Amino acid sequence: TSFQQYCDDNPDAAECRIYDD
Amino acid sequence: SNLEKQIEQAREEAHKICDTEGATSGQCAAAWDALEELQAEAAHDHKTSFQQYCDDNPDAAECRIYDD
Amino acid sequence: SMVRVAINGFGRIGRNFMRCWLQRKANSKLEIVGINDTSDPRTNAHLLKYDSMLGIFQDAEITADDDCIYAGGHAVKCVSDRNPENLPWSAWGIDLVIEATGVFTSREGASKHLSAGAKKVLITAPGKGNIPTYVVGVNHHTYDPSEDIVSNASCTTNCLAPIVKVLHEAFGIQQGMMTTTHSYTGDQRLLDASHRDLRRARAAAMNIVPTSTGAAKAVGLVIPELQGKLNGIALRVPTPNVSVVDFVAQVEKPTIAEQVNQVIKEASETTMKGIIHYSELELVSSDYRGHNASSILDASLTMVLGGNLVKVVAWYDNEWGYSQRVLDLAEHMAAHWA
Amino acid sequence: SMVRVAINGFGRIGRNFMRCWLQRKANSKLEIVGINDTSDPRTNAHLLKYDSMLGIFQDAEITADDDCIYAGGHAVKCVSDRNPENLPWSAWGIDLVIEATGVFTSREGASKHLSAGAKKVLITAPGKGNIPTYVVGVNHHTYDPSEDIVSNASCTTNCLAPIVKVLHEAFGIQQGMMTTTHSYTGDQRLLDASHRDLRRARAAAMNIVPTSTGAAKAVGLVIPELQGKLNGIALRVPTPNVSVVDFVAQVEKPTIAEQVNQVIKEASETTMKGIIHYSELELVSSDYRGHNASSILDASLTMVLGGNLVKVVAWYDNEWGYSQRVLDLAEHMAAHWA
Amino acid sequence: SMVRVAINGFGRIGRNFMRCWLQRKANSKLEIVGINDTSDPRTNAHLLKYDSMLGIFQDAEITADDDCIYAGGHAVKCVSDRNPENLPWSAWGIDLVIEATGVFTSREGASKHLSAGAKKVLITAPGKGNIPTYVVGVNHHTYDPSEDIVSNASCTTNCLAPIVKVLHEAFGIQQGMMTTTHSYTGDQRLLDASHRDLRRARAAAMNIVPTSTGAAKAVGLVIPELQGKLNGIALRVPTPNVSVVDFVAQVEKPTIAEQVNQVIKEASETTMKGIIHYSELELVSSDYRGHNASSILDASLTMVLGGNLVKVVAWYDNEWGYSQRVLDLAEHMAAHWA
Amino acid sequence: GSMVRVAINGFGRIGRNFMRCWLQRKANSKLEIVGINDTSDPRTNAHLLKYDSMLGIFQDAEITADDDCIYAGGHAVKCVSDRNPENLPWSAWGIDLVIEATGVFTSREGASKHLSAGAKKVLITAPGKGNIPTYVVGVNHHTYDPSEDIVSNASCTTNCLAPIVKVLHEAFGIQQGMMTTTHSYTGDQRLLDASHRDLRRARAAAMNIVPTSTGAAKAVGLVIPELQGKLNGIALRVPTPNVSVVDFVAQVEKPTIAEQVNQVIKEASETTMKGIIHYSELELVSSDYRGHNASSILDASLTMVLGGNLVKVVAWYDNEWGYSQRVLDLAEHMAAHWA
Ligand SMILES: NC(=O)c1ccc[n+]([C@@H]2O[C@H](COP(=O)([O-])OP(=O)(O)OC[C@H]3O[C@@H](n4cnc5c(N)ncnc54)[C@H](O)[C@@H]3O)[C@@H](O)[C@H]2O)c1
Ligand SMILES: NC(=O)c1ccc[n+]([C@@H]2O[C@H](COP(=O)([O-])OP(=O)(O)OC[C@H]3O[C@@H](n4cnc5c(N)ncnc54)[C@H](O)[C@@H]3O)[C@@H](O)[C@H]2O)c1
Ligand SMILES: NC(=O)c1ccc[n+]([C@@H]2O[C@H](COP(=O)([O-])OP(=O)(O)OC[C@H]3O[C@@H](n4cnc5c(N)ncnc54)[C@H](O)[C@@H]3O)[C@@H](O)[C@H]2O)c1
Ligand SMILES: NC(=O)c1ccc[n+]([C@@H]2O[C@H](COP(=O)([O-])OP(=O)(O)OC[C@H]3O[C@@H](n4cnc5c(N)ncnc54)[C@H](O)[C@@H]3O)[C@@H](O)[C@H]2O)c1
């Protein structure tokens, strides 16, 4: 996926942030 | 309660008795003696005025309870 | 031929209810004919039309004069007395009173409507003392026409109780714990303010607010053999409507998450249809605004450990869902009026 | 020979006031000895200590028994009577009543405290009818010891009036519009519920709610020259505390933003020190919680068009800053008992 | 024939625009055939359907696969590339690009769409540098087919500019101050985080946040007569949608509130129909969700002082109203194509 | 002998909470924060460090900046802004320990890019990905091995649930356990409906109850190994900006009653868990627990038990400050056992 290949390079974008809380 | 509504009817009756007969009246003395008597019984589980207001105004903002 | 209805308390539930009946009026045995409330018809017609949660009412024109609210040419007389014994139910021929104030939920309190001339009272909340409680879908068929005062339980009880009945009949519930993460409601103060509950005193939109709930024990009222086996709490959170129940149970019969979901799913299509909705969608509370089901199972959240500790999570529109059940319970009563 | 004080209405203002005096107790000519309120002492002790906005009270321990709140060993006797006439002001030797219920803002209403034994009454809101209104820093030196019922106006008046006075004396205000973007207050409704104000009726944490502001008329009370020349409104928004007023003035002596800011800055360091604070920081409302000034001018937002159209923006903690002024006014009265 | 449109940036505006188009599709010269976004079609079909503000999409069924979003059998090809030059505009026969990422607002930035194959670009925000700005109902009839990159200004601009035009032509505007009390937007921070604007860096749902407004400059671009004569600011408040602009104008022809209202009202029923709406109801911000008008004048708040200081207050759904105008601007461009 | 030189990678809610925790506790510390790396600049991060919407204005000392450093009372913290830790100047800065607080390097391979840059150890302020030793102060940190170059301090919810689960398990023997954290929202949720790999975290945070999948369910089984695979749960993000509550329902082996459950945790809170668990019988709300230094505050009023063996306990925690206090504790602990 393009949005899956984008969250690989930039996990620190507010489109990918995952904080296991 | 009971003793409260009698302490207000006891000083109302003592102020009327005192004014009519005078300040040095033996009747005024007994009137304040009888008020001091019901205040010594009144003073001799601590429900609050808050809790009695929520019994009289259950729909007030201070008293609503929605069991959700 | 037609059950004349009156609403006591035109707040969030009174108005949701009113707007439920207005949309279900085509096939209805109820005619709402009167309103009692602390406010006036002009003020209450305005609120009726402009709802911050439900939006502008679109079906019919809402108007009002000195003494009447009108909805689509249908007149609703209004009075404003806080003692239901003073109400003109005899004059108005009120057959059913919807008791939506939150104040008259004991038998003696509710009975004042009967003294004023009403025949039956449907309390929109848990009853006090020995008032028969009903949840449409769980036990509303044991309703006895001779009952003059009834309780439609709480919103939470109406969400948990149907899920408890399905799970209990599938695997036998031995004990259960619930937490409802609940939108705030009118009994909480907007800012820290005097209250008999020190937690309800705190600002509702700023805080997570624990409060005692009885909906857990109340489930044992309607599913009488789980009596004494359920307990729970409430967490009030800063949302204005829609809540979610978290139910953790130990069951006799070993199962897994998939079976739990399939069970509830099959009930939602057959025995509990219209009452339970089954969802595998990854939604949030906003998406469930205006849902007509008492319970929406969030299938993605179901968990089971060791075969016997089951966890389920169910959404509910505490305002609008509960009101559909209030109307359901009334429509049922009008069916078996005696 | 302190001035014995009682608080009527232990709400947001009443408890901010109490905490204000507790911090300033050492230098005060006032002694708070009595409280009347809807609630009992234990509940009020709890709310005084645990405050969602101010946080937990730090300075001294706060206990309570059936009779009193205790502030670090200082006793405040408590009663619960909503009719001020029955209050034990005579027996408690009450000199000054801080009228903070909001529902005794007329002269006859506030005068019930005088029938009960108090000597003077300070209303923590605008008065209804001929009640001399005051703003510390603007006109409180026109206080006259013969005045036994006084208003400290509203929170917006206490923010706006000092900046208007400064602007007026520097450039000459000919006309002025105001809009306070205002944190909601206990006067509004958590969810849509009846209210004499059809907009304040609407769920406060959900809405921008246009409404009236006392500053519209009271600024002209404390600055008589400008009576009839100011007007405005409020937009209540979903924040629980801290507010900001936006004021647009038609002025006589043409100027520019640099000149306006220097004038207010100059005042804030001299004549208006402690009332106006001058800020060049890029802050937001949370940063002004607990700020003791009546007005924090946000200098970066000052703009002028055509030399004659002046716009200024001033923050204020409507709960804590206003209470600081209630204390100031009461101390001033304490200094001028006769 | 049909003007083939692509959406660049499937955000709040991009998806409001889609839902606008879908409701007006049956009467439209545009055909949305492509989407570019950082995210995939499945995520974006889920977002298009489930919307915290607009609710679940009712009109048509929405679905997706690896390649496209389907809105009722209508297939929208999706790509995910962040450099417009690599976008398949030429291969998709795309004519008009609705640029809604907020990052390609300069001419050279937006121009990348032209290299990729598109023929015109409509920026859903103010432009950077010489980019013609249009507001529908104020100056859009001046648009020229020769212009291929255009700005539709901000939401606040689209609300204030129709009213300024009326006020100006009726009374003559010499100066004007504006403050939009404004729902927060994606541009702000959920919790305190770094940001070019030190105040939009601060938790949006916690604070009143003063910031800039595009209307301060944009109104003067669409009403050239008033360039340099307007200024103002934005206060961002904790509501997710719907905003209100406060406009205080010094005018030349002395007037009064009744006359100000009657001019805007008649305009709203004639030359500004659909653009300005005139409201006398006592409503709050929730009630204007989904209004199609660019400005709703709140006549109850109109006030005037000394004949020359006029205060008007106008609501707008900054998401839905603004998107309706973007569609209008687009349809107009497809009408006057070249 | 000297002090451990610390850098903060990611000056966000945790990085800045941790900084203020350290700044307050600096009088007793074997650490010295000498460097920050963040996407933003020194002046902007100075502003945020001082003006916090949740902690109020910092006042223990003056806070300024120039183009290179942030200053907290004349103490200089050097500031660099590169998104790839490989490129960070940890070698020239003599960085002994890195607080990985960006949420972007929770895996050993990404977390050890700081080691390629010259760092000697790395403390991830989040659950680690893959086999990375996970520690909870007061439950498990005493098993820290000075040879670990990469550690995980856990999640906020894990630091709340784990101390309580340890006391309850030893008192009554936990067999299975469910959990639900009614959690304030955090920076990884979107302010308005926007793209996200978690369709629920994509939705407007201050507007919704948002169920998401927490790993505190998994983590607790790490720091208490005999409960691996015996606990599970979810999270419900709600519209508060800080402070969470965790609701734990457990099937225990030894019968008990709510009175006894409370007493156990109370005794623990005063002895073996002092400073980690706090015991409250007060009727408070979330706002009242802002700034609390405990990992868990048991809301004793909410304890309930059914049939002797189904136990429900509810605990508060300041997900930002409390978790930052433990991060600091764990870092000091590593500074004491440094090799
Ligand atoms: N919406 C929910 O969250 C929800 C869900 C399920 C059940 N309930 C239950 O429904 C009941 C109603 O709750 P609500 O949120 O609608 O309340 P509300 O406070 O919004 O409305 C109460 C209304 O009753 C009126 N009222 C109060 N006292 C009265 C009197 N003496 N005479 C006439 N009118 C009076 C008030 O004017 C007000 O309009 C509550 O008891 C609650 O437990 C609420
Ligand atoms: N809140 C602000 O920001 C602010 C600012 C300036 C002025 N004011 C004014 O101060 C006044 C106080 O308002 P508040 O914000 O504290 O509201 P509040 O509701 O928080 O306080 C009112 C308190 O008075 C009590 N009360 C009400 N009626 C009573 C009666 N008959 N007898 C005894 N006690 C009674 C209530 O129980 C409550 O504790 C208002 O008149 C308001 O206009 C408020
Ligand atoms: N929302 C309002 O109130 C409003 C009103 C009027 C105008 N506007 C303007 O409209 C614009 C859109 O704002 P929004 O509210 O939709 O914000 P948003 O964050 O909801 O939308 C931005 C979208 O664009 C995408 N995107 C960002 N950079 C990209 C790139 N380089 N390539 C491809 N896609 C990219 C993002 O994934 C996101 O989906 C803003 O510039 C704003 O100024 C907004
Ligand atoms: N806040 C909580 O509730 C909480 C509790 C426990 C654990 N945590 C964990 O702490 C971590 C941080 O969370 P937070 O709340 O501080 O988030 P945040 O978004 O506030 O912090 C992120 C910061 O890191 C910076 N950053 C992002 N990418 C970077 C890169 N490539 N290089 C350098 N700097 C970069 C950003 O500028 C931002 O300031 C998360 O992994 C989370 O799981 C958070």
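Just so we're on the same page: letters track the sequence lines, and every chain starts at 1.
Within a 6.0 Å sphere centred on CD of C:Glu61, heavy atoms belonging to other residues, nucleotides or ligands number 12 at most. Within a 6.0 Å sphere centred on NZ of C:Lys25, heavy atoms belonging to other residues, nucleotides or ligands number more than 12. Within 6.0 Å of CD in C:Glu266 there are 12 or fewer heavy atoms belonging to other residues, nucleotides or ligands.
Among all heavy-atom pairs drawn from C:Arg289 and E:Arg289, the shortest one is NH1-NH1, 4.1 Å. Residue C:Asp287 comes nearest to E:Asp51 through the heavy atom pair OD1-N, 4.3 Å, listed as atom of the first residue, atom of the second, then distance.
Note: C:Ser286 OG to E:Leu54 CG = 11.0 Å, rounded to the nearest 0.5 Å.
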Inset, instruction - Verify side-chain contact (heavy atoms from CB on, under 4.5 Å) between C:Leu281 and E:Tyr50, making sure each step is shown before the conclusion. - result: CA-CA 10 Å; C:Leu281 299 168; E:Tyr50 299 93; 3.1 Å; yes
